[PDB]
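If you want the building blocks of each chain, they are given just below.
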Amino acid sequence: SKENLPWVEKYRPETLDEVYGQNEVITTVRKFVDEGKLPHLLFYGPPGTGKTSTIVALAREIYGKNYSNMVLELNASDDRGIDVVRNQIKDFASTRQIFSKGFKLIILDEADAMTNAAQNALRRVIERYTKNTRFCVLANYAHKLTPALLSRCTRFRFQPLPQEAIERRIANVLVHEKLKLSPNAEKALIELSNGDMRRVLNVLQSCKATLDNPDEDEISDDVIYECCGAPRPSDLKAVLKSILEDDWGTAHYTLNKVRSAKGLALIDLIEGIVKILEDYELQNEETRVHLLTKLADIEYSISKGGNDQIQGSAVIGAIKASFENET
Amino acid sequence: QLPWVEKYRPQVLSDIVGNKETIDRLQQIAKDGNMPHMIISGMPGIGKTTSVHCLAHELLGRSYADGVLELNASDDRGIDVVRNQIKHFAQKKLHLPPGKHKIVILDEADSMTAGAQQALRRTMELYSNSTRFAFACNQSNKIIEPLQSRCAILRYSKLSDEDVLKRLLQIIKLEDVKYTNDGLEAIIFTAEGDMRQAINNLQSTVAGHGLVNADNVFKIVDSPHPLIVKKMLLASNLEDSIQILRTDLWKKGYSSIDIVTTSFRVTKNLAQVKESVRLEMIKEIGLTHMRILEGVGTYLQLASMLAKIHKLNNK
Amino acid sequence: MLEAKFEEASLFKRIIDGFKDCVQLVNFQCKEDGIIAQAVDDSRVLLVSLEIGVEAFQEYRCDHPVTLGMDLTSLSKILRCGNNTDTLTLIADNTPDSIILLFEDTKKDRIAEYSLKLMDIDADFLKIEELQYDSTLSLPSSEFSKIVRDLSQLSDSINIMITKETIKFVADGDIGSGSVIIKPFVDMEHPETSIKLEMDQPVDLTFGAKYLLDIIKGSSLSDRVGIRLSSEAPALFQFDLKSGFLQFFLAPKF
Amino acid sequence: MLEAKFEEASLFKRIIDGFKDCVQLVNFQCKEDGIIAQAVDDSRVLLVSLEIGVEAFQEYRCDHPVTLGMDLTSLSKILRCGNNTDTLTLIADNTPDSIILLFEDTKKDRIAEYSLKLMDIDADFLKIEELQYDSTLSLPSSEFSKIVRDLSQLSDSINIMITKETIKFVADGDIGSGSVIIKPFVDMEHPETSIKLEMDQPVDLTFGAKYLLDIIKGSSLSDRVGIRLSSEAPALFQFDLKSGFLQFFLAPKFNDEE
Amino acid sequence: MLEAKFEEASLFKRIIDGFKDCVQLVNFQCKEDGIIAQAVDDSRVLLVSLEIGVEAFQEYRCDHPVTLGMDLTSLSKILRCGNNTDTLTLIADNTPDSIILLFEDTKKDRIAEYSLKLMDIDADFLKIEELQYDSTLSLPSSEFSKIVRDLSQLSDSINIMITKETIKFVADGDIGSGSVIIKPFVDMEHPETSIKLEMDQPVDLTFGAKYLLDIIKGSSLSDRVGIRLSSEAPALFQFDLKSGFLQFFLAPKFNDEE
Ligand SMILES: Nc1ncnc2c1ncn2[C@@H]1O[C@H](COP(=O)(O)OP(=O)(O)OP(O)(O)=S)[C@@H](O)[C@H]1O
Ligand SMILES: Nc1ncnc2c1ncn2[C@@H]1O[C@H](COP(=O)(O)OP(=O)(O)OP(O)(O)=S)[C@@H](O)[C@H]1O
Ligand SMILES: [Mg+2]
Ligand SMILES: [Mg+2]
């Protein structure tokens with residue numbers, strides 16, 4: 001049953017109408033398939049944008065419910081070498097379908113992990129067998145693909161999911177599940193996503209599990225912040241306030257108790273304070289220069305280890321000395 | 001329709017805008033004959049396979065079909081193939097003009113195994129009067145020294161801005177495309193001496209927008225927004241540069257590596273500011289790039305780089 | 001409808017043994033003059049084609065052709081109940097969702113009946129057999145099996161070369177090379193051991209050893225095997241049945 | 001003490017072949033009237049029960065019963081030394097830590113002797129056999145094996161249905177369905193091929209094919225197999241020995257119960 | 001050059017069956033008085049040594065010795081074309097890169113010819129056979145195979161002990177212990193079944209069962225096997241051929257040494 005799959009897998013789009021966010025490429029692909037001229041596709045984009053779902057729904061719309069038999073889907077999990085190409089891909093392209101009549105589809109998912117020799121052998125397979133089969137290459141990094149292979153396919157860049165589409169998908173999930181979501185909670189959820197539907201679905205399932213109730217209540221910002229993890233905005237602003245206004249020893253004690261009560265990390269607090277202070281309308285940019293320089297130096301030092309207490313005191317002193325120029 | 005890289009693939013050695021010295025060398029060789037064993041090395045997309053194809057075609061005339069043996073990396077090129085098929089082709093009898101020879105083209109020679117490369121030595125040595133070998137590779141170090149000792153070495157270099165610009169102008173004239181100077185400049189900038197990639201990006205921009213303009217090129221082939229990077233670096237106030245970096249580059253999915261590397265290029269090629277301030281900005285950009293290469297690539301590092309650049313510009 | 005009764009379930013079991021392993025799906029079609037069946041492997045280099053005339057059966061009735069496709073593996077799984085001596089009757093209506101295999105012993109005693117689920121396969125029987133082949137030869141099938149089994153060990157490719165009065169099988173690989181040379185000859189002491197050869201043109205073709213190995217299975221259906229080769233088409237290896245034949249068409253290696 | 005000599009090591013080897021695979025631990029007990037053994041599988045759906053009377057042996061001496069438990073796998077590992085024609089003597093003292101298997105050829109020549117480590121098993125022999133079963137039938141065991149081997153391919157469950165003068169085995173699964181129908185008959189040309197059936201009440205039970213497959217092994221001990229079925233208890237499949245028998249009691253599937 | 005024709009390809013196939021599995025590389029050398037071959041396993045506890053005199057062949061010609069090394073696996077892969085009744089001719093020039101095996105049927109009909117690639121092996125034939133061994137015994141090889149096959153199941157070590165008129169094979173491991181005791185005897189009803197023993201000194205050596213298992217293969221070449229044991233050297237197990245012999249020298253376990 002589908003009620004056992006996680007929310008990332010349960011809500012996988014099955015038709016091209018369930019793929020939100022991508023409109024300029026989805027409409028163009030639909031037109032390509034309806035009019036017949038479907039060229040070799042290269043779906044390039046970040047993880048969680050919906051490239052695999054898009055190509056799966058496309059193959060479903062093209063071949064019907066028997067997609068799993070008329071399409072050759074290869075990925076990084078399968079052995080993709082030069083001999084694998086030579087045998088499997090060439091035998092698939094040269095032959096015809098065993099279930100119906102029509103062009104074939106080879107979905108090379110995650111083809112950014114293929115060997116250079118494999119791509120050099122495949123670039124002439126794409127150019128030779130081009131009247132009975134097509135090629136779809138999915139990629140997250142366009143630098144791992146040879147320029148020869150990169151030039152034979154039409155490139156489609158999957159942009160990160162915008163606010164409207166991600167809110168539409170959130171509303172669809174809240175309709176499918178007996179769940180309610182607060183508006184500010186929804187905004188905070190969209191903020192910590194960066195256009196990644198996987199993260200949204202995962203944390204939505206997790207906060208539904210956090211509810212502890214039969215779901216007669218709503219999901220507020222507190223639930224998301226306590227469940228999604230990472231220094232809560234409350235503790236973040238409390239530490240920032242104690243650093244900016246309170247005394248040195250009191251600020252040290254506050255930072256220590258905050259980072260030791262929930263086991264928070266100093267790097268997460270650093271990034272959070274950087275994100276919060278970005279909205280601060282400040283005086284002459286010298287304070288911002290000092291703050292950014294010292295915080296980046298402390299982050300680079302943390303990225304290699306050291307004393308957490310010394311680095312926390314360094315963060316406190318850096319923020320304080322940077323703000324002392326604003327007077 | 002056929003892509004412009006394949007449709008406008010050069011068929012005569014004069015159409016190649018590559019390295020002039022080696023091109024005239026191969027042209028004189030095809031004119032006089034007596035083609036020796038050769039190994040052409042370089043980088044992808046500079047006219048290596050097309051060069052040897054044009055040389056073989058011009059040298060063999062109509063006998064190209066029965067006098068040229070093409071073996072790519074897509075075909076088996078092991079010890080057994082070199083032992084049987086290459087030797088049978090080299091021993092094959094063929095009546096040719098008194099200035100021509102049978103040509104064995106081996107594309108991607110850097111992928112052949114050590115056994116095949118070792119067996120090819122005497123194969124090319126005993127039949128060096130009726131069979132000639134032309135290797136096309138990207139790394140000459142992958143081919144054993146005994147094989148390199150029996151052949152000429154042609155190292156192809158990157159294509160300068162002028163040659164790629166001339167080839168693109170010829171293609172535009174042959175295709176009647178609407179373009180502009182800044183668009184072609186952005187195309188050549190994103191090509192990085194890669195003629196094949198340049199023609200591919202040009203054709204993609206044409207088929208996607210019709211007009212070859214820098215905005216479209218930085219849109220259909222969007223990667224780091226150079227002009228946007230230049231406007232970010234040339235900002236007068238820190239908040240403006242920070243907002244540009246946040247909205248235009250970071251909120252649109254541009255990776256930090258692309259931002260810093262595009263940043264380095266913009267600076268190196270900058271002319272608005274003096275030399276010393278440019279060197280200091282490159283030094284800051286360089287340190288930021290070093291930090292990112294270690295996996296510390298975030299928005300805070302780029303913000304600190306911009307802050308240090310502004311502090312340098314702050315007299 | 002389909003109604004075909006084999007005297008001995010064994011004949012059908014050996015026939016299916018021939019499709020076994022090398023193909024997954026088989027398309028059968030019964031009609032007024034008998035039963036035919038075709039199966040093509042995934043790579044499309046091998047076609048297995050069967051023909052069983054009305055006379056090969058103890059009872060055959062057909063007033064309306066029926067085409068039915070099925071999974072070969074499922075069929076063989078069920079094809080070991082024939083006791084070989086059991087009687088086998090294939091039964092199906094005009095628009096079947098299944099094929100019934102009915103095995104019965106002489107006496108009323110034991111009746112094993114199966115209802116095999118069918119697969120829908122687009123009817124598209126191939127007719128790739130040639131009028132004339134470059135060369136034609138027949139020899140004992142056990143001999144052909146040995147020849148194939150020898151050479152197979154040496155390479156994944158076995159070459160068949162034919163010149164006037166000479167047939168030569170060759171394999172050459174890592175450990176070395178091997179060859180089996182046979183010459184045409186009429187043995188009156190029993191002509192089922194003779195080796196005939198009619199050559200209109202010398203031929204020299206290479207085949208994948210894995211496929212020739214699949215093909216040799218036909219030895220169990222006939223004493224002799226006919227091999228027809230051409231430079232223009234797939235080679236034909238044929239095993240005759242009483243009223244019928246099992247044919248294997250194999251595309252030469254390019 | 002235990003002192004049992006088999007004329008042919010082969011008989012014991014075939015008997016153990018019957019416990020083999022389907023059970024791990026076997027509890028033997030020798031006594032004045034012979035040897036018995038019981039083994040139950042982990043899921044407790046199958047009981048293998050053996051009885052060998054004094055007359056099945058060439059020599060048997062018992063003045064004091066001994067109970068001994070052992071790992072079936074260990075026993076079979078050792079049970080391929082009998083040459084089949086070798087003589088086999090099982091030996092054990094009254095408080096054993098081991099069981100001795102002694103194989104000897106007619107002549108003094110070769111003597112293979114084993115000392116198998118025993119396991120301690122709480123003595124708890126079951127006595128689940130019924131007075132009357134709903135239906136009783138016997139048929140050649142090779143025929144029963146074929147019937148089981150046929151149907152097994154189709155499903156993990158094989159149903160046995162009995163009505164007046166009719167015995168029907170049925171399997172139905174993914175690829176389709178199958179059935180084997182047999183009828184009672186007396187063959188005078190040799191009655192070891194007859195199929196008898198005594199039905200007091202029609203029965204219809206389902207068994208896990210994996211278990212029936214374990215049970216068919218008894219064919220090697222007897223020409224015929226007796227099958228006794230009831231809606232009140234585990235079914236009994238029995239293979240007679242000269243002075244003895246090997247019995248398999250199998251619990252019907254409830255809907256899902258082997 | 002090498003030119004040796006075996007009447008029946010079967011003899012050579014059985015000989016190679018003896019080297020099979022237990023060794024990977026074999027070094028052959030043909031000469032005026034026949035063919036010899038030696039192969040040593042990787043651990044160096046087993047040496048397989050062959051000698052085939054000129055008379056074992058139907059035709060043998062040698063005017064110039066040739067030494068050739070080869071992979072045993074490659075050779076056996078090719079050694080199943082003999083039809084057993086086929087004629088086999090081994091052929092090689094004086095400085096070979098290959099060895100030609102030519103199988104032909106009586107009639108001109110079918111000719112299977114192989115060209116096996118050779119390996120370069122430093123010629124270094126061992127001559128470890130002793131003048132006198134502590135004890136010497138021969139018995140039917142099928143009997144020796146059974147003895148080895150029995151005990152092997154019990155342990156990875158099988159001990160051979162010899163005392164006046166007594167030969168005893170013993171294995172002792174996890175499941176228990178076993179022993180096979182045989183006594184010398186002359187059977188006139190057919191002396192190929194006799195068991196001879198000449199003991200100059202009692203011996204007691206242990207061998208790795210995995211190796212004795214490799215050695216028993218020689219049964220297919222001879223009815224009897226000769227076993228020579230010494231406390232000073234590897235044991236010798238020998239299988240005689242018509243004009244020749246196949247010998248297996250096995251180093252005793254030191255305590256842990258195959
Ligand atoms: N545009 C979208 N609309 C709706 N759901 C989406 C969308 N993009 C992603 N998802 C969800 O995220 C899941 C994963 O999508 P994928 O297509 O596998 O991600 P991806 O774009 O292929 O990136 P990868 O696999 O990491 S390279 C889907 O099953 C959906 O539940
Ligand atoms: N000098 C040149 N003049 C004109 N077109 C060129 C030139 N060099 C490359 N091209 C174009 O690039 C295409 C491919 O060139 P190739 O010679 O295949 O690249 P390459 O230099 O061999 O590098 P590889 O093949 O990746 S190792 C040609 O078909 C042309 O369209
Ligand atoms: Mg994916
Ligand atoms: Mg190239």
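Cut-offs and rules
Residues numbered from 1 in each chain as written, not as in the entry; some residues may be left out. Chains lettered and ligands numbered in written order. Part of a larger assembly, values for the part shown. Heavy atoms only, no water. Residues with missing side-chain atoms left out of burial classes, pairs and counts. Contact = heavy atoms within 4.5 Å. Helix = DSSP H or I, 4+ residues; strand = E, 2+ residues; numbered from the N terminus. Nonpolar A, V, L, I, M, F, W, Y, C, P; charged D, E, K, R; others polar. Pairing = 2+ DSSP bridges. Near = heavy atom within 4 Å. Polar contact = N/O pair within 3.5 Å; in protein donor to acceptor, adjacent residues only side chain to side chain. Areas by Shrake-Rupley, 256 points an atom, 1.4 Å probe, with all protein chains shown as cover. Disulfide = S-S within 2.5 Å. Buried < 20%, exposed > 50% of the residue type's maximum accessible area, 1.4 Å probe, protein only. UniProt positions renumbered as here; feature names shortened; annotations may be inferred. Axes fitted to C-alpha atoms, helices over the stretch in contact; angles between N-to-C directions.

For this coordinate set, the PDB header names cryo-EM as the determination method and states a resolution of 3.8 Å.

Trainee: Whenever I open this one, the interface of chain E and chain C confuses me. Can you help?
Mentor: Many descriptions give the size of an interface as the accessible area lost when the pieces come together. Contacts between chain E and chain C engage 16 residues on the former and 17 residues on the latter. Elements that contribute at least two residues to the side of chain E that touches chain C include exactly α2 (72-78) and β9 (111-117) of chain E. Here the side of chain E that touches chain C takes seven residues from β9(E), the largest share from any one element. In terms of residue class, the side of chain E that touches chain C is built from six nonpolar, three polar and seven charged. Pairing of strand β13 (residues 176-182) of chain C with β9(E) involves six bridges; the strand directions are antiparallel. Bridging from a neighbouring strand, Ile181(C) pairs with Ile111(E) of β9(E).

Trainee: Would you explain the site of ligand 2 in this entry?
Mentor: All names here are of chain B. Lining the immediate environment of ligand 2, one finds 20 residues, of which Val5, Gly45, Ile46, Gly47 and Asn138 sit closest. Contacts to ligand 2 include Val5, whose backbone N or O atom sits 2.8 Å from an oxygen atom. Here an oxygen atom of ligand 2 sits 3.4 Å away from a polar atom, N or O, in the side chain of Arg9. Here ligand 2 loses 93% of its free accessible area of 640 Å² to cover by the protein chains. Among the elements of the structure, α3 (49-60) and α10 (195-209) are those that each provide at least two residues to the shell around ligand 2. If one sorts the elements of the shell around ligand 2 by residue count, α10 sits on top with three residues. The class makeup of the residues in the shell around ligand 2 is nine nonpolar, six polar and five charged.

Trainee: It is not clear to me how the state of the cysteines should be interpreted in this structure. Could you clarify?
Mentor: What makes a disulfide is a covalent bond joining the sulfur atoms belonging to two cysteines. All names here are of chain D. The full count for this structure, using the stated rule, is zero disulfides over all chains. Take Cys30: it sits in no disulfide, and the sulfur closest to it among the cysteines is that of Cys62, at 4.8 Å. Judged by its relative accessible area of 4%, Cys30 falls in the buried class.

Trainee: How should I be thinking about the UniProt feature "DNA-binding region" in chain D in this particular structure?
Mentor: According to UniProt, the feature "DNA-binding region" maps to residues 61-80 of chain D in the numbering used here. With 35% helix and 30% strand, the stretch residues 61-80 of chain D has end C-alpha atoms that lie 25 Å from each other.

Trainee: Before we go on, may I ask you to explain the site of ligand 1 in this structure?
Mentor: Residue and element names in this part refer to chain A. Taken together, 20 residues form the shell around ligand 1, and within it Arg12, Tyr20, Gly50, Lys51 and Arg198 come nearest. At a separation of 3.0 Å, an oxygen atom of ligand 1 approaches a polar backbone atom of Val8. Measuring from an oxygen atom of ligand 1, one finds a side-chain N or O atom of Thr52 at 2.9 Å. Compared with its free state, where it exposes 640 Å², ligand 1 has 95% of that area covered by protein. Broken down by secondary-structure element, the contributors of at least two residues to the shell around ligand 1 are α3 (51-63) and α10 (197-210).

Trainee: So what exactly am I meant to see when it comes to the sheet that holds strand β2 (residues 71-74) of chain A here?
Mentor: Strands pair in a sheet through their backbones, by hydrogen bonds, and they do so in one of two ways: parallel or antiparallel. Residues and elements named next belong to chain A. Strand order in the open sheet formed by five strands is β2-β3-β4-β1-β5, and the pairing between neighbours is parallel. Each edge of the open sheet carries a strand with a single partner, namely β2 and β5 (154-157). For this sheet, the mean angle separating the axes of adjacent strands, direction not counted, is 15 degrees. With four bridges joining them, strand β1 (residues 41-44) and β5 adopt parallel strand pairing. The residue bridging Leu41 from the neighbouring strand is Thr154, located in β5.

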